[PDB]
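Q: Next up is a structure, given as C-alpha cells.
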Amino acid sequence: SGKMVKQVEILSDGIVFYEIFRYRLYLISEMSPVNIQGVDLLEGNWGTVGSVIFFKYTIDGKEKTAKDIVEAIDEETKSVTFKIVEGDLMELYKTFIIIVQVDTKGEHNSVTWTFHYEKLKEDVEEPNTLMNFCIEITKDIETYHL
C-alpha cells in the first residue's frame, strides 16, 4: 500500500479546469496532445460515476494505455476519482486510484493530485514519473487556457 500527493498552483481559472476533468475529459487530448493522444468513452456517460474511459498516452516517448472507471465526483470539494482497471500501470500495481482536486477557495487556486496504490511486488518503484506526467498535463492545460 502507498500514497502520493502533489499540489500545483495554476494561474488559469480553477473552475474551468475542474469542469474539464468533471464533464469534458475528452478534451485533454487537444490540450496536452504531446502527452495524451486519446480519451475515448467505452461504457456509461461523460460526467457520471461508473463511466469507463480509455486513455492513450505517452511517457518518455513510450506509448501506453489505461482503462479507467470514474469512481467519484464531488462538486463540493471539486474532486474527481479515477480507478485504473487495465493497462500498463497494472503490470506493476494491483490497485491504482487517481484523485484530482481543484481548490478555488480564496486567492488559493491549485490542483492537487493524489495516487492511492498497491504494488504487485515489494520492489516496484513509487510512481514518481506518473506524478511528473500529471503535473505536465496540468501545466499544458493551464497554458492552453492562458
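Chain labels run A, B, ... following the order of the C-alpha cells; each chain numbers its residues from 1, and ligands are numbered from 1 in the order shown.
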Excluding residue A:96 and residues on its chain fewer than 6 positions from it, collect all residues at most 12 Å away from it, counting only C-alpha atoms, and give them as a list in words.
A: residues 1, 2, 3, 4, 66, 67, 68, 69, 71, 81, 82, 83, 84, 85, 86, 87, 88, 89, 90, 114, 115, 116, 117, 118, 119, 120, 126, 127 and 130 of chain A
Q: Could you please take those selected residues and save N, CA and C atoms as a PDB file, in the first residue's frame?
A:
ATOM      1  N   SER A   1       0.829  -1.229   0.000  1.00  0.00           N
ATOM      2  CA  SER A   1       0.000   0.000   0.000  1.00  0.00           C
ATOM      3  C   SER A   1       0.859   1.273   0.000  1.00  0.00           C
ATOM      4  N   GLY A   2       0.310   2.353  -0.560  1.00  0.00           N
ATOM      5  CA  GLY A   2       1.062   3.579  -0.798  1.00  0.00           C
ATOM      6  C   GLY A   2       0.216   4.771  -1.231  1.00  0.00           C
ATOM      7  N   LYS A   3       0.728   5.959  -0.964  1.00  0.00           N
ATOM      8  CA  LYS A   3       0.008   7.147  -1.318  1.00  0.00           C
ATOM      9  C   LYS A   3       0.964   8.274  -1.668  1.00  0.00           C
ATOM     10  N   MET A   4       0.634   8.986  -2.738  1.00  0.00           N
ATOM     11  CA  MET A   4       1.461  10.080  -3.229  1.00  0.00           C
ATOM     12  C   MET A   4       0.579  11.275  -3.468  1.00  0.00           C
ATOM     13  N   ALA A  66      -4.373   3.100 -20.471  1.00  0.00           N
ATOM     14  CA  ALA A  66      -5.059   2.829 -19.199  1.00  0.00           C
ATOM     15  C   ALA A  66      -6.582   2.855 -19.420  1.00  0.00           C
ATOM     16  N   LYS A  67      -7.289   1.913 -18.818  1.00  0.00           N
ATOM     17  CA  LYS A  67      -8.738   1.928 -18.833  1.00  0.00           C
ATOM     18  C   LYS A  67      -9.180   2.232 -17.413  1.00  0.00           C
ATOM     19  N   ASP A  68     -10.026   3.247 -17.297  1.00  0.00           N
ATOM     20  CA  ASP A  68     -10.352   3.859 -16.012  1.00  0.00           C
ATOM     21  C   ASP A  68     -11.857   3.785 -15.788  1.00  0.00           C
ATOM     22  N   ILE A  69     -12.268   3.542 -14.552  1.00  0.00           N
ATOM     23  CA  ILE A  69     -13.649   3.731 -14.149  1.00  0.00           C
ATOM     24  C   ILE A  69     -13.700   5.046 -13.359  1.00  0.00           C
ATOM     25  N   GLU A  71     -14.935   6.736 -10.426  1.00  0.00           N
ATOM     26  CA  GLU A  71     -15.489   6.164  -9.184  1.00  0.00           C
ATOM     27  C   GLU A  71     -16.053   7.193  -8.231  1.00  0.00           C
ATOM     28  N   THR A  81     -12.415  11.168  -9.068  1.00  0.00           N
ATOM     29  CA  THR A  81     -11.671   9.970  -8.731  1.00  0.00           C
ATOM     30  C   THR A  81     -11.795   8.919  -9.854  1.00  0.00           C
ATOM     31  N   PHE A  82     -10.647   8.543 -10.396  1.00  0.00           N
ATOM     32  CA  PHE A  82     -10.496   7.556 -11.425  1.00  0.00           C
ATOM     33  C   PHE A  82      -9.827   6.324 -10.847  1.00  0.00           C
ATOM     34  N   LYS A  83     -10.356   5.139 -11.158  1.00  0.00           N
ATOM     35  CA  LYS A  83      -9.684   3.908 -10.805  1.00  0.00           C
ATOM     36  C   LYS A  83      -9.186   3.215 -12.063  1.00  0.00           C
ATOM     37  N   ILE A  84      -7.914   2.832 -12.092  1.00  0.00           N
ATOM     38  CA  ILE A  84      -7.348   2.206 -13.274  1.00  0.00           C
ATOM     39  C   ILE A  84      -7.621   0.714 -13.198  1.00  0.00           C
ATOM     40  N   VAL A  85      -8.292   0.171 -14.200  1.00  0.00           N
ATOM     41  CA  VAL A  85      -8.591  -1.264 -14.205  1.00  0.00           C
ATOM     42  C   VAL A  85      -7.742  -2.024 -15.188  1.00  0.00           C
ATOM     43  N   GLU A  86      -7.261  -1.388 -16.236  1.00  0.00           N
ATOM     44  CA  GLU A  86      -6.456  -2.104 -17.222  1.00  0.00           C
ATOM     45  C   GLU A  86      -5.382  -1.238 -17.764  1.00  0.00           C
ATOM     46  N   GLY A  87      -4.298  -1.881 -18.184  1.00  0.00           N
ATOM     47  CA  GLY A  87      -3.255  -1.197 -18.897  1.00  0.00           C
ATOM     48  C   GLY A  87      -1.916  -1.251 -18.228  1.00  0.00           C
ATOM     49  N   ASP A  88      -0.986  -0.524 -18.810  1.00  0.00           N
ATOM     50  CA  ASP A  88       0.418  -0.577 -18.430  1.00  0.00           C
ATOM     51  C   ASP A  88       0.678  -0.460 -16.921  1.00  0.00           C
ATOM     52  N   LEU A  89       0.025   0.469 -16.236  1.00  0.00           N
ATOM     53  CA  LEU A  89       0.232   0.555 -14.798  1.00  0.00           C
ATOM     54  C   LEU A  89      -0.065  -0.782 -14.066  1.00  0.00           C
ATOM     55  N   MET A  90      -1.055  -1.557 -14.518  1.00  0.00           N
ATOM     56  CA  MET A  90      -1.435  -2.805 -13.806  1.00  0.00           C
ATOM     57  C   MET A  90      -0.408  -3.953 -13.967  1.00  0.00           C
ATOM     58  N   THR A 114      -3.698  13.100  -6.232  1.00  0.00           N
ATOM     59  CA  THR A 114      -3.480  12.052  -5.237  1.00  0.00           C
ATOM     60  C   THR A 114      -3.495  10.675  -5.911  1.00  0.00           C
ATOM     61  N   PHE A 115      -2.452   9.910  -5.643  1.00  0.00           N
ATOM     62  CA  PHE A 115      -2.406   8.496  -6.027  1.00  0.00           C
ATOM     63  C   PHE A 115      -2.536   7.708  -4.738  1.00  0.00           C
ATOM     64  N   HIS A 116      -3.502   6.786  -4.700  1.00  0.00           N
ATOM     65  CA  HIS A 116      -3.551   5.662  -3.755  1.00  0.00           C
ATOM     66  C   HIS A 116      -3.290   4.375  -4.590  1.00  0.00           C
ATOM     67  N   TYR A 117      -2.320   3.568  -4.168  1.00  0.00           N
ATOM     68  CA  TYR A 117      -1.918   2.427  -4.950  1.00  0.00           C
ATOM     69  C   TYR A 117      -1.447   1.264  -4.091  1.00  0.00           C
ATOM     70  N   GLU A 118      -1.539   0.061  -4.628  1.00  0.00           N
ATOM     71  CA  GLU A 118      -0.929  -1.100  -4.000  1.00  0.00           C
ATOM     72  C   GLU A 118      -0.005  -1.710  -5.055  1.00  0.00           C
ATOM     73  N   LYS A 119       1.271  -1.861  -4.719  1.00  0.00           N
ATOM     74  CA  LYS A 119       2.242  -2.504  -5.611  1.00  0.00           C
ATOM     75  C   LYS A 119       2.029  -4.030  -5.694  1.00  0.00           C
ATOM     76  N   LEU A 120       2.305  -4.610  -6.866  1.00  0.00           N
ATOM     77  CA  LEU A 120       2.273  -6.073  -7.065  1.00  0.00           C
ATOM     78  C   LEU A 120       3.355  -6.812  -6.300  1.00  0.00           C
ATOM     79  N   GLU A 126       8.060   3.772  -6.630  1.00  0.00           N
ATOM     80  CA  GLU A 126       6.997   4.731  -6.419  1.00  0.00           C
ATOM     81  C   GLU A 126       6.706   5.382  -7.775  1.00  0.00           C
ATOM     82  N   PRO A 127       5.418   5.637  -8.079  1.00  0.00           N
ATOM     83  CA  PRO A 127       5.004   6.184  -9.375  1.00  0.00           C
ATOM     84  C   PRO A 127       5.314   7.696  -9.529  1.00  0.00           C
ATOM     85  N   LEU A 130       4.815   8.963 -13.174  1.00  0.00           N
ATOM     86  CA  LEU A 130       3.416   9.239 -13.427  1.00  0.00           C
ATOM     87  C   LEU A 130       2.991  10.588 -12.791  1.00  0.00           C
TER      88      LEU A 130
END
Q: List as CSV every residue of stretch 42-114 of chain A that is in contact with stretch 5-28 of chain A, defined as an atom at most 10 Å from one of its atoms (using only C-alpha atoms), together with the nearest atom pair and the distance in Å rounded to one decimal, sorted by chain and then rising number.
A:
residue,atom,partner,partner_atom,distance
A:45,CA,A:23,CA,9.6
A:46,CA,A:23,CA,6.1
A:47,CA,A:23,CA,4.5
A:48,CA,A:23,CA,8.2
A:53,CA,A:25,CA,9.1
A:54,CA,A:26,CA,9.8
A:55,CA,A:26,CA,9.3
A:70,CA,A:22,CA,9.7
A:72,CA,A:22,CA,9.9
A:73,CA,A:22,CA,7.3
A:74,CA,A:22,CA,9.0
A:75,CA,A:22,CA,8.8
A:78,CA,A:18,CA,6.5
A:79,CA,A:18,CA,7.6
A:80,CA,A:22,CA,6.5
A:81,CA,A:22,CA,9.6
A:98,CA,A:5,CA,9.9
A:99,CA,A:5,CA,9.4
A:100,CA,A:21,CA,8.1
A:101,CA,A:18,CA,7.7
A:102,CA,A:18,CA,6.2
A:103,CA,A:14,CA,7.2
A:104,CA,A:14,CA,5.9
A:105,CA,A:14,CA,9.7
A:108,CA,A:9,CA,8.1
A:109,CA,A:9,CA,6.1
A:110,CA,A:9,CA,4.3
A:111,CA,A:8,CA,5.3
A:112,CA,A:7,CA,4.2
A:113,CA,A:6,CA,5.4
A:114,CA,A:5,CA,4.5
Q: Could you turn the residues from that selection into a file that holds C-alpha atoms, as a PDB file, in the first residue's frame?
A:
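Result went into again_11.pdb, see below:
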ATOM      1  CA  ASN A  45     -21.745   8.681 -19.999  1.00  0.00           C
ATOM      2  CA  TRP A  46     -19.227  11.502 -19.744  1.00  0.00           C
ATOM      3  CA  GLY A  47     -19.655  13.235 -16.380  1.00  0.00           C
ATOM      4  CA  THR A  48     -21.159  10.335 -14.452  1.00  0.00           C
ATOM      5  CA  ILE A  53     -12.878   5.804 -20.149  1.00  0.00           C
ATOM      6  CA  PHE A  54      -9.844   4.728 -22.110  1.00  0.00           C
ATOM      7  CA  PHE A  55      -6.657   6.736 -22.292  1.00  0.00           C
ATOM      8  CA  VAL A  70     -14.877   7.117 -12.835  1.00  0.00           C
ATOM      9  CA  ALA A  72     -16.303   9.506  -7.589  1.00  0.00           C
ATOM     10  CA  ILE A  73     -17.309  13.017  -8.420  1.00  0.00           C
ATOM     11  CA  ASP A  74     -17.622  15.627  -5.717  1.00  0.00           C
ATOM     12  CA  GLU A  75     -18.832  19.096  -6.579  1.00  0.00           C
ATOM     13  CA  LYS A  78     -14.229  19.954  -6.798  1.00  0.00           C
ATOM     14  CA  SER A  79     -12.817  16.439  -6.948  1.00  0.00           C
ATOM     15  CA  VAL A  80     -12.877  13.524  -9.422  1.00  0.00           C
ATOM     16  CA  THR A  81     -11.671   9.970  -8.731  1.00  0.00           C
ATOM     17  CA  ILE A  98      -6.094   8.830  -9.094  1.00  0.00           C
ATOM     18  CA  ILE A  99      -7.922  11.673  -7.468  1.00  0.00           C
ATOM     19  CA  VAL A 100      -7.732  15.198  -8.937  1.00  0.00           C
ATOM     20  CA  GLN A 101      -8.905  18.070  -6.726  1.00  0.00           C
ATOM     21  CA  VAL A 102      -9.262  21.753  -7.506  1.00  0.00           C
ATOM     22  CA  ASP A 103      -9.115  24.322  -4.712  1.00  0.00           C
ATOM     23  CA  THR A 104     -10.764  27.612  -5.781  1.00  0.00           C
ATOM     24  CA  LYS A 105     -11.316  28.815  -2.202  1.00  0.00           C
ATOM     25  CA  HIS A 108      -5.719  29.951  -3.281  1.00  0.00           C
ATOM     26  CA  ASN A 109      -6.008  28.451  -6.796  1.00  0.00           C
ATOM     27  CA  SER A 110      -4.496  24.938  -7.049  1.00  0.00           C
ATOM     28  CA  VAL A 111      -4.751  21.379  -8.442  1.00  0.00           C
ATOM     29  CA  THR A 112      -3.954  18.509  -6.110  1.00  0.00           C
ATOM     30  CA  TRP A 113      -3.168  15.102  -7.496  1.00  0.00           C
ATOM     31  CA  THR A 114      -3.480  12.052  -5.237  1.00  0.00           C
TER      32      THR A 114
END
Q: I'd like the neighbourhood of residue A:136 as a list in words, where a residue qualifies if any of its atoms comes within 12 Å (using only C-alpha atoms), though same-chain residues fewer than 5 positions away should be ignored.
A: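 Close residues of residue A:136: residues 8, 10, 28, 31, 32, 33, 34, 35, 36, 58, 59, 60, 111, 113, 129, 130, 131, 141, 142, 143 and 144 of chain A.
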Q: Got a sec to tell me which of stretch 8-139 of chain A DSSP assigns to strand (DSSP E), as a ChimeraX atom specification?
A: /A:8-9,36-43,52-59,62-74,79-87,93-103,110-119
Q: Run DSSP on the backbone and give me the residues of stretch 7-114 of chain A it puts in helix (DSSP H, G or I), as a PyMOL selection string.
A: chain A and resi 14-22+25-31+88-91
Q: So what do you get for atom CA of residue A:137 versus atom CA of residue A:64, distance-wise?
A: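 About the pair atom CA of residue A:137 and atom CA of residue A:64: they are 15.2 Å apart.
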Q: Could you please determine the separation between atom CA of residue A:125 and atom CA of residue A:38 in Å, to one decimal place?
A: 26.0 Å
Q: Which one of A:92, A:52, A:135, A:39 sits closest to residue A:121 if you count only C-alpha atoms?
A: A:92
